[PDB]
Every structure is written in C-alpha cells, then in structure tokens.
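Remarks on the structure that follows.
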Amino acid sequence: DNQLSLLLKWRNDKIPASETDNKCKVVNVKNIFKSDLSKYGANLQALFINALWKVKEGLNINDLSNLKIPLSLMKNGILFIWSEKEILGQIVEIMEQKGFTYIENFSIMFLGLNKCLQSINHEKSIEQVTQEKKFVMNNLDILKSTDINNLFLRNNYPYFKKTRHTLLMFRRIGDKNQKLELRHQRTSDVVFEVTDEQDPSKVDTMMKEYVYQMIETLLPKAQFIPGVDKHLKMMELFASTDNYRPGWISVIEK
Amino acid sequence: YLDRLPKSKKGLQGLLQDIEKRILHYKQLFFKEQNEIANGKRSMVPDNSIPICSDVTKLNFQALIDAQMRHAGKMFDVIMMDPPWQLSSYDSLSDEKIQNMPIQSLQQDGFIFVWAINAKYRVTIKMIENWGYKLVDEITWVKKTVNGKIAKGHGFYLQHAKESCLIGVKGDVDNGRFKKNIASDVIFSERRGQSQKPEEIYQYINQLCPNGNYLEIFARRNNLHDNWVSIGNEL
Amino acid sequence: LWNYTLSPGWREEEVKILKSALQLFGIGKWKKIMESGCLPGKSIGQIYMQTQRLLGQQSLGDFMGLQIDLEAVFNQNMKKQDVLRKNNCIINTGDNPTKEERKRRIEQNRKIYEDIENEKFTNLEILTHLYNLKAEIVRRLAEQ
Amino acid sequence: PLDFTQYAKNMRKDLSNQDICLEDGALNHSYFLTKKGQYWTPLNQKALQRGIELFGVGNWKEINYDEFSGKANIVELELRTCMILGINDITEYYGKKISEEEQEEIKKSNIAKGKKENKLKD
Ligand SMILES: Nc1ncnc2c1ncn2[C@@H]1O[C@H](CSCC[C@H](N)C(=O)O)[C@@H](O)[C@H]1O
C-alpha cells in the first residue's frame, strides 16, 4: 500500500566506543569555535560538528563566525553541520567566507511518532523515544493502509508547520592534483524516521547512529584501525559525553 | 527498407478502402467536437485566471503595476518562480539574468516562493537575500512513485530524491490577509511530467493569503488557477 | 531451426540489411549505421543485442571494430557447439579482460576472419500522414 | 478590489493578448482547449472566408500560399473550410466560386441523409 517497508528498510539495519588508543583520539576543551583544530589533525577528510542550534538555545549563531579553519588543517575535506528551522538562514552564509563551496544538502523528515501510534491504534520518556520507535517499526505494514502525509509533525513555526531537520554538508578542494575518495550514492537524500515533538531538533541514537553509519560509508578511507595508523584522518565536535566513535577524533565541549 | 508493402495491387486497395472510411470517421468526430466547443462549453481553466503570455524580459512590469494600482490599489502579495536553471551538460536565464529583473519593484508587502534543485540551492539563497527579501523558511516536495516508493533520482554526491523551495519576506507580511503556520512545509506527491510541480502548493497558498491577487512566473497551462495573475513563455 | 535468433518483432529483411551494413561498416560502428539510415526505428542497444544473436557469441568484446563475416562467425560458433549456445550465443570465458587482452583478441579475430495511425495522436497529424500515404499508394498502383 | 470577476476581466482586457481574450470577453475557452500554435480567431475564419470567395471549392491550391490564417497549414485549413458548407464531401461544389452559404437549408431537409451536429452524412 504505502510501500513503507522500503521507506524504513535501512532502519531495520540497526548496527549501533573505542577507548583512548591508536583508533580513537579524545579532546575535551572548554572552547571549540576558538580552539585551533589543525593541531588535532591535518589533511583529514571527514569533519563533523553537532551544532544544535535552537530558537532555548544550545549555540549562538553569531559565535560560528569567529572559528578559523586553515588550509593546513585540511586541504581536501568536508564539514557537516546541523540546521534548525527557527534559526533557518543566517547559517547558510557564514561558512562560505571561511572558504568552502556548496555542493549538496541532506535532510531528515520526521513522521510524527504520536500520529504513528494513533494510526496504529486505529512529553515522552526516553523509553517512549527509544523502544516505541522499535514498536512502530516492527508493525510497519499495519499503518501502510493510511496516508503518509497525515502522520507528519505539526510543530509551531512562524510561517508553516515545522517538520524536518537538516545536515548541511560542504566540501572544499584545496590542493591541486589531489582529490578525495567517496562512495557517493549510499543513502538516499530522502530518509524517513519519527522524532519526538519535545525536541524535534535533537536526534537521539538509532538515528544519530544512522547518520554515523552513512558518514562511515561515504568516507571509509578516512578511518584507520589502530594497527594501520595511530593518527585518525577524520574528527568530530560536540559528540555525546560517553560515545567515542572509532576513527573519529572526538572533541566534546565540556 | 520501405515501411509500406512493396507490391500488393488491388489486394491492398481494398485495405485502402478500410483506411479511407477510417479517415472520414475522424473528421466526422471532429465535426461533433467543433459543435461541442462553439456552443458555450466551459474548459478546465477556472474563472479569475489571467494568463499573461509574454516574454518576461519583453514584458513591461510598469504597466502591470499601473493596472494593479488602478483596479485593486494593493500591489502583489504572493509571488513564485521556478525559472529554468543551469545544468552545464535558452541560455539567457543566467542566474544573473534572473536577478536583474526588478521583482523588488513588483513586491513591497508579501512573501515569495522559489523552487530550485539542490545543485542550485546556494545561488537561490543569494537570489532571495539580494532583494529586500529575507530567507526565512523552505517548502520541500518529496517525489513519489506509482506504488509509494521513492524515486531513484540521479546521485552526484547523494541520491537526489527531494526538491526544495525557499521563502522570503520584505516590508510587512502581516497585512491581515496573510495567515501564519498554515500547515506543514512538506509535500509528498507522485513524480509527474518533466519538472512538473504539485498543485497542492496552490492550495497551500490559498490557505496562506486568500482573497488577493497572486503572481506565479514561468507557468504552463497546468498552473492556471483562480485569483492567479500568471506569467509564462509557454503559458 | 531458429538459426540467427531473431529479436521479437523485427523482419528478416531488416536482419539482412543489418548484415550488409555490418559487412560494409563494421561491428561497433553503430553510429555509422544510424548515419546511413538503412535501419529506421532501431536503437544502438537493440542493434547491439541483434549483433550478439547474429554473430553466435553473446559477448561482443572480442568482435569490436571488426568487418568480419557474420555468417562465417556464426558457422564457426556451431563448429564449437560443444559449449552451451543459449539463444545461439556463446558466453565468452574471458571475464572482461584488460584493454590489452581485449585488443589482442580483436586482432586475432580479425586475422581469423497503421504506423502513424498508432501513437494516440490527434486527427490533424494522423490525417497529415494519411493523405500522402494514400498518394504514395496511388503512385504505387500507377507504377504497377 | 474584491470584485474578482470584474477585476479579472479588466486585467485580461488590459494585458492579455487579443487571441487569448476578446475585447471585453470571457476567458475564451476555445483557445484553451486547442493547442498553442493553431487557433481560429474571427480574423482567421474571415480570412478563410475570403479565400473561399477567391475561387471557391475546386482546384484551388493557393490555400496555403495566401497565408490567410496565422501560419496556415494545408490540411487544417482544408479541414476548417468544411463546416461552413455543412457537407462531408465537397464534390458537388467542385470547380466553382461560392459567395454565401445557401447550403444548410437545402440539406437540413434531408433527415435521412443527416441533420445532427449541424451536418449531413455524405
Ligand atoms: N526561457 C524559457 N525557455 C523555454 N521555455 C520556457 C522559458 N520560460 C518559461 N518556459 C516554459 O515554462 C517552463 C519553465 S517553468 C516549468 C515548471 C512550471 N513553471 C510549473 O510550475 O509547472 C518551460 O518548460 C517552458 O514550457
């Protein structure tokens, strides 16, 4: 009916922490949009920042302009940043003056988990946002008789109803006769998952994990197991306080 | 190789007879159709559709705004355009050519919508912030297949499977006739003809700024609706 | 039976036109075949598969750029009929070899050897094709 | 202006092309239903009437030469010169000039031959 089985096909592939070693590097500085990052890695490929903009708020947009990215930090590489609808704009123009070029975008469309459970019937706890998503996942073909557009989010927004989140992804080419290795078409620009209405901007695990898996697939060469190399060719900012993903040079702001 | 039969003599002429009566059949049907149209028959385009068919560069928007002031007194409220973008494997649609057109003259109080592909997403932002418009929101349309799958769009860096549209604001958008948080900014509908667009976005706009003149740009015969002053080379 | 296996819905006259065009131009020069225009309504892919059937070997990598006799290759493929010739086509044992190996294979193989009434069109253009179709038929009867 | 219909008519008169909307007319659905490139304004039909006045039905092959209609097409023009005569075949008017119609009255009496859709079968 809805063909929703194919919509969440990759969500059925779950695949959900390396200690400080040759495979994982850890940095915990109280400053990040000011701390030099070229000393934490050079000629890297994947560079992720988990910028939780929100209009409470986690990070101020105007702060981002003071961060410096040097060519010595990375010649050929990519930055990944989050976008929030109430703070949409004023974020799409900051990064170009730091020396990147726009290539593509990625986005997450939230299908209103409360509406999904309502259609299955015919504030949420951590359990209600972790196991309830499995609950609506395993019976994914019972609500396929309904309309897709019904179960979308209805969140307060000045102009429309806010429904989706967004990953801006920016590649810089900086060295002539040098390129990057990419898998390219791995995960569709359209993806599908539900998200709690309490923090639609926030993305919990099994979805953050989905992004982690897709980025690990897009840039496999950036990773390095402890035996092959000790220095990691891909770093991260603003991760969880307990997750230290292998390959990533984690930089958590305390 | 000749498509027709090489030699059949009168054996084919009999078939000719068949064909020729078929011929008369078509024209007699045509006559009926003629009687059906020259009697007062109403076509699909509804009332209050104003299809200005002219080149956007050739057209003088000054006459348009003069008519706007003369008849209504309020200038435009909601505007849209999905111009032919650049693909790099007409050529006067250079994004700069799209820019220099004085849409800022055509609008002082109201929104805007601009659909564009992600390959020209960024240039769209500079397209909208250049004027008094401020990019505030986006409406996105997810392609659908016949069954309910996701279209396997060509992938440059990721598998392209959605289409984006930007929204802007100049002057005052709280003109009373505007409505806020009308509904979701996403549209899930099938993949129609080449670069076609969902007709439910016009329902969205009717929810948005009803009882007022509109302006879509670069239309086709599909686009025309009620209360839509519309422009388009193929319109 | 079923010699030179036929694609669904193509005349054998088209097959012999293709044979003549391949004998004059050569395998792989499908663009020249389109330029000549002796096979209307044919695509490069479909003519490629038809060449696969006519040569008797499914893989055309060993026959690229060859003005070889199609029937001779088909006959020598029956000379090696010990291999399963599915659809009268031999599957090449070489798995997509390098350009050098494919090139030496090329060298060795060289050395060895109604219509408009359809389309759901409106009355205007169908009659446009119909009247001069009838003129063509009238001229055909006149010369008969 | 909340007078949406009058407003629309005014804008159509002020901006829209003549072949799109009449001088003070409605949307003119006839142009909409036909495709862009071939439409029959009163100018085109009066020009074809002039062409009929030129020689009438017969060996009159200058139908496209005069370009009386906008980008005249021989088959479409010969098709659209037939409803005026009201008879499917024109063999009974071959080789003569025709001034007015005087053909609908002499043929609508033929009930068996045909009177529906303002036309007669053969
Ligand atoms: N400069 C131009 N060159 C060619 N066609 C143009 C054109 N400007 C407008 N058009 C016409 O309008 C289309 C561009 S717009 C296409 C989408 C349409 N506006 C919609 O919303 O449904 C073209 O395909 C053509 O039909």
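Following the order of the structure tokens, chains are lettered A, B, ..., residues in each are numbered from 1, and ligands are numbered from 1.
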(Q) With only C-alpha atoms considered, list every residue of chain A at most 8 Å from chain B, as a PyMOL selection string. (A) chain A and resi 1-4+6-7+85+88-89+92+102-105+148-149+152-154+156-163+184-190
**Q.** Contact residues around region 2-12 of chain C with only C-alpha atoms at 9 Å, ignoring same-chain residues under 6 positions, as a list in words
**A.** residues 46, 49, 50, 53, 54, 55, 56, 71, 74, 87, 88 and 89 of chain C
Q: Measure the distance from CA of residue 7 (chain D) to CA of residue 41 (chain B) in Å and round it to one decimal.
A: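 Separation between CA of residue 7 (chain D) and CA of residue 41 (chain B): 22.5 Å.
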Q: Excluding residue 100 (chain A) and any residue of its chain fewer than 6 positions from it, enumerate the residues within 12 Å of it, using only C-alpha atoms, and give them as a list in words.
A: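 That gives residues 69, 70, 71, 74, 75, 76, 77, 78, 79, 80, 92, 93, 94, 168, 169, 170, 171, 172, 173 and 174 of chain A; 122 of chain B.
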Can you tell me which residues sit at most 9 Å away from ligand 1, counting only C-alpha atoms and all ligand atoms, written as a PDB file with N, CA and C atoms, in the first residue's frame?
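Okay, part.pdb is ready:
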```pdb
ATOM      1  N   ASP B  55       7.119  37.184 -23.072  1.00  0.00           N
ATOM      2  CA  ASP B  55       8.457  37.031 -22.522  1.00  0.00           C
ATOM      3  C   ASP B  55       8.632  37.946 -21.319  1.00  0.00           C
ATOM      4  N   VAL B  56       9.234  37.409 -20.256  1.00  0.00           N
ATOM      5  CA  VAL B  56       9.388  38.186 -19.029  1.00  0.00           C
ATOM      6  C   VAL B  56      10.298  39.386 -19.267  1.00  0.00           C
ATOM      7  N   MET B  80       5.820  33.598  -6.946  1.00  0.00           N
ATOM      8  CA  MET B  80       6.558  32.359  -7.147  1.00  0.00           C
ATOM      9  C   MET B  80       7.289  32.411  -8.477  1.00  0.00           C
ATOM     10  N   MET B  81       8.350  31.616  -8.582  1.00  0.00           N
ATOM     11  CA  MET B  81       9.010  31.391  -9.858  1.00  0.00           C
ATOM     12  C   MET B  81       9.869  30.143  -9.744  1.00  0.00           C
ATOM     13  N   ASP B  82       9.855  29.328 -10.794  1.00  0.00           N
ATOM     14  CA  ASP B  82      10.726  28.160 -10.910  1.00  0.00           C
ATOM     15  C   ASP B  82      11.468  28.269 -12.235  1.00  0.00           C
ATOM     16  N   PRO B  83      12.366  29.240 -12.360  1.00  0.00           N
ATOM     17  CA  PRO B  83      12.968  29.534 -13.659  1.00  0.00           C
ATOM     18  C   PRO B  83      13.800  28.366 -14.149  1.00  0.00           C
ATOM     19  N   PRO B  84      13.987  28.243 -15.460  1.00  0.00           N
ATOM     20  CA  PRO B  84      14.930  27.245 -15.982  1.00  0.00           C
ATOM     21  C   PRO B  84      16.334  27.520 -15.467  1.00  0.00           C
ATOM     22  N   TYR B  90      16.968  27.868 -23.885  1.00  0.00           N
ATOM     23  CA  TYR B  90      17.531  29.245 -23.951  1.00  0.00           C
ATOM     24  C   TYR B  90      18.697  29.352 -22.972  1.00  0.00           C
ATOM     25  N   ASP B  91      19.641  30.255 -23.253  1.00  0.00           N
ATOM     26  CA  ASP B  91      20.841  30.408 -22.383  1.00  0.00           C
ATOM     27  C   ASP B  91      20.821  31.788 -21.721  1.00  0.00           C
ATOM     28  N   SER B  92      19.728  32.536 -21.891  1.00  0.00           N
ATOM     29  CA  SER B  92      19.635  33.907 -21.324  1.00  0.00           C
ATOM     30  C   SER B  92      18.974  33.870 -19.938  1.00  0.00           C
ATOM     31  N   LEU B  93      18.809  32.675 -19.358  1.00  0.00           N
ATOM     32  CA  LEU B  93      18.219  32.548 -17.998  1.00  0.00           C
ATOM     33  C   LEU B  93      19.361  32.547 -16.971  1.00  0.00           C
ATOM     34  N   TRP B 115      11.113  27.533  -6.052  1.00  0.00           N
ATOM     35  CA  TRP B 115      11.582  26.158  -6.125  1.00  0.00           C
ATOM     36  C   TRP B 115      12.861  26.088  -6.951  1.00  0.00           C
ATOM     37  N   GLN B 194       7.772  16.199 -16.837  1.00  0.00           N
ATOM     38  CA  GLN B 194       9.096  16.796 -16.692  1.00  0.00           C
ATOM     39  C   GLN B 194       9.068  18.093 -15.893  1.00  0.00           C
ATOM     40  N   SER B 195       9.701  18.073 -14.719  1.00  0.00           N
ATOM     41  CA  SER B 195       9.821  19.237 -13.839  1.00  0.00           C
ATOM     42  C   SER B 195       8.461  19.807 -13.449  1.00  0.00           C
ATOM     43  N   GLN B 196       7.423  18.976 -13.458  1.00  0.00           N
ATOM     44  CA  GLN B 196       6.116  19.433 -13.020  1.00  0.00           C
ATOM     45  C   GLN B 196       6.115  19.642 -11.509  1.00  0.00           C
ATOM     46  N   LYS B 197       5.088  20.325 -11.024  1.00  0.00           N
ATOM     47  CA  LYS B 197       5.035  20.688  -9.620  1.00  0.00           C
ATOM     48  C   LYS B 197       3.682  20.318  -9.035  1.00  0.00           C
ATOM     49  N   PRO B 198       3.616  20.076  -7.727  1.00  0.00           N
ATOM     50  CA  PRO B 198       2.340  19.684  -7.118  1.00  0.00           C
ATOM     51  C   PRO B 198       1.351  20.838  -7.131  1.00  0.00           C
ATOM     52  N   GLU B 199       0.108  20.528  -7.490  1.00  0.00           N
ATOM     53  CA  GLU B 199      -0.949  21.527  -7.489  1.00  0.00           C
ATOM     54  C   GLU B 199      -1.481  21.812  -6.093  1.00  0.00           C
ATOM     55  N   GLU B 216       2.495  33.908 -10.045  1.00  0.00           N
ATOM     56  CA  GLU B 216       3.474  32.890 -10.388  1.00  0.00           C
ATOM     57  C   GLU B 216       4.186  33.356 -11.654  1.00  0.00           C
ATOM     58  N   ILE B 217       5.420  32.902 -11.852  1.00  0.00           N
ATOM     59  CA  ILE B 217       6.225  33.297 -13.003  1.00  0.00           C
ATOM     60  C   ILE B 217       6.767  32.043 -13.680  1.00  0.00           C
ATOM     61  N   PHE B 218       6.832  32.073 -15.015  1.00  0.00           N
ATOM     62  CA  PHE B 218       7.234  30.928 -15.837  1.00  0.00           C
ATOM     63  C   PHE B 218       6.280  29.745 -15.641  1.00  0.00           C
ATOM     64  N   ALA B 219       5.036  29.951 -16.064  1.00  0.00           N
ATOM     65  CA  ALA B 219       3.968  28.977 -15.898  1.00  0.00           C
ATOM     66  C   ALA B 219       3.801  28.094 -17.133  1.00  0.00           C
ATOM     67  N   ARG B 220       2.863  27.158 -17.021  1.00  0.00           N
ATOM     68  CA  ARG B 220       2.311  26.401 -18.133  1.00  0.00           C
ATOM     69  C   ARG B 220       0.795  26.380 -17.989  1.00  0.00           C
ATOM     70  N   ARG B 221       0.127  25.749 -18.957  1.00  0.00           N
ATOM     71  CA  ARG B 221      -1.331  25.678 -18.933  1.00  0.00           C
ATOM     72  C   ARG B 221      -1.854  24.971 -17.690  1.00  0.00           C
ATOM     73  N   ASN B 222      -1.047  24.097 -17.087  1.00  0.00           N
ATOM     74  CA  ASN B 222      -1.446  23.432 -15.850  1.00  0.00           C
ATOM     75  C   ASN B 222      -1.577  24.434 -14.707  1.00  0.00           C
ATOM     76  N   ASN B 223      -0.656  25.398 -14.632  1.00  0.00           N
ATOM     77  CA  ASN B 223      -0.548  26.256 -13.455  1.00  0.00           C
ATOM     78  C   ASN B 223      -1.803  27.080 -13.201  1.00  0.00           C
ATOM     79  N   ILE B 231       2.235  34.436 -15.338  1.00  0.00           N
ATOM     80  CA  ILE B 231       3.067  34.731 -16.495  1.00  0.00           C
ATOM     81  C   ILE B 231       3.820  33.463 -16.869  1.00  0.00           C
ATOM     82  N   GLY B 232       4.171  33.348 -18.147  1.00  0.00           N
ATOM     83  CA  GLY B 232       4.943  32.217 -18.619  1.00  0.00           C
ATOM     84  C   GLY B 232       5.124  32.211 -20.122  1.00  0.00           C
ATOM     85  N   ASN B 233       6.338  31.894 -20.583  1.00  0.00           N
ATOM     86  CA  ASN B 233       6.601  31.882 -22.018  1.00  0.00           C
ATOM     87  C   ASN B 233       5.735  30.852 -22.731  1.00  0.00           C
ATOM     88  N   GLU B 234       5.565  29.678 -22.131  1.00  0.00           N
ATOM     89  CA  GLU B 234       4.710  28.637 -22.683  1.00  0.00           C
ATOM     90  C   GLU B 234       3.277  28.746 -22.185  1.00  0.00           C
ATOM     91  N   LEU B 235       2.977  29.756 -21.376  1.00  0.00           N
ATOM     92  CA  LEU B 235       1.642  29.936 -20.821  1.00  0.00           C
ATOM     93  C   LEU B 235       0.686  30.507 -21.864  1.00  0.00           C
TER      94      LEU B 235
END
```
Give me the residues within 10 Å of residue 114 (chain C) as an mmCIF file with C-alpha atoms, in the first residue's frame, counting only C-alpha atoms and dropping any in the same chain fewer than 3 places off.
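Output contents, as saved in around_18.cif:
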```cif
data_model
loop_
_atom_site.group_PDB
_atom_site.id
_atom_site.type_symbol
_atom_site.label_atom_id
_atom_site.label_comp_id
_atom_site.auth_asym_id
_atom_site.auth_seq_id
_atom_site.Cartn_x
_atom_site.Cartn_y
_atom_site.Cartn_z
ATOM 1 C CA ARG B 4 4.878 0.045 -46.644
ATOM 2 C CA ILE B 19 -8.409 3.096 -44.159
ATOM 3 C CA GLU C 117 -2.484 5.542 -37.013
ATOM 4 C CA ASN C 118 -0.956 4.444 -33.696
ATOM 5 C CA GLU C 119 0.687 6.750 -31.089
ATOM 6 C CA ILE C 126 -2.774 11.433 -38.453
ATOM 7 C CA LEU C 130 -2.781 9.613 -44.169
#
```
Q: Could you tell me which of B:190, B:116, B:104, B:133 comes closest to residue 87 (chain B) if we count only C-alpha atoms?
A: B:116
Q: Find the residues in chain C near chain B: any atom within 7 Å counts, using only C-alpha atoms. Write them as an MDAnalysis selection string.
A: chainID C and resid 38 123 141 144
Write out as a tab-separated table the residues of chain D that have any atom within 10 Å of an atom of chain C, one row each with the nearest atom pair and its distance in Å to one decimal, counting only C-alpha atoms, sorted by chain and then rising number.
```
residue	atom	partner	partner_atom	distance
D:73	CA	C:124	CA	9.8
D:74	CA	C:128	CA	9.1
D:75	CA	C:128	CA	6.5
D:76	CA	C:124	CA	6.6
D:79	CA	C:124	CA	8.8
```
Q: Find the residues near residue 73 (chain B): any atom within 12 Å, counting only C-alpha atoms, skip ones fewer than 5 places away on the same chain, and give them as a list in words.
A: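 Within the cut-off, the hits are residues 64, 65, 66, 67, 68, 212 and 213 of chain B; 1, 2 and 7 of chain D.
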Q: With a cut-off of 10 Å and counting only C-alpha atoms, select all residues of chain B in contact with chain D and give the selection as a PyMOL selection string.
A: chain B and resi 24+27-38+40-54+59+63-64+67-74+211-213+221+226-229+234-235
Q. Which parts of region 2-203 of chain A does DSSP call strand (DSSP E or B) when run on the backbone here, written out as a ChimeraX atom specification?
A. /A:25-27,46-49,77-83,101-110,155,161-162,164-172,188,192-193
Q | 10 Å contact set for residue 111 (chain C), only C-alpha atoms, chain neighbours under 6 positions out, as a ChimeraX atom specification | A | /C:66,68,105
Requested write-out: N, CA and C atoms of the selected residues, as a PDB file, in the first residue's frame:
```pdb
ATOM      1  N   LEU C  66      35.402  -4.855 -36.035  1.00  0.00           N
ATOM      2  CA  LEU C  66      35.746  -5.913 -36.976  1.00  0.00           C
ATOM      3  C   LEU C  66      34.760  -5.917 -38.133  1.00  0.00           C
ATOM      4  N   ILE C  68      34.149  -8.361 -40.081  1.00  0.00           N
ATOM      5  CA  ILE C  68      34.197  -9.794 -40.329  1.00  0.00           C
ATOM      6  C   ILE C  68      32.848 -10.265 -40.858  1.00  0.00           C
ATOM      7  N   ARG C 105      42.671  -9.899 -28.611  1.00  0.00           N
ATOM      8  CA  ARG C 105      41.542 -10.714 -29.045  1.00  0.00           C
ATOM      9  C   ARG C 105      40.914 -10.148 -30.313  1.00  0.00           C
TER      10      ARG C 105
END
```
